């Protein structure tokens, strides 16, 4: 989204880095290695504004980056939002994401 929440296991304020890319492995329309650039297209560093509560990171991004699709939690410090060929990647250092969702006021 614009404002996305990441729940985590740290008692601190882990750094979060957001990336945007198209056609990553298994997101291609016509299956594996069917896209124009194997492995994914241009990776864009998403500018973020970070805010912290106990075990919660509030990630603010420009509106153009809003993408609600499938919220996929990867067993390490990574959450993905996948909408067909498009991916919004959230990478957390020094902690593990336990839950992720668009900020509901």
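Numbering follows the first chain given and starts at 1.
Note on 12-20 vs 93-101: mean CA B-factor is higher in 93-101. Set 56-64 against 71-79 and average the Cα temperature factors; 71-79 ends up higher.
Placement of the Cα temperature factor of residue 42 within the chain: lowest third of the modelled residues, per the deposited record. The PDB entry assigns residue 51 a C-alpha temperature factor belonging to the lowest third of its chain's modelled residues.
Per the deposited record, the Cα B-factor of residue 27 falls in the middle third when ranked against the other modelled residues of its chain.
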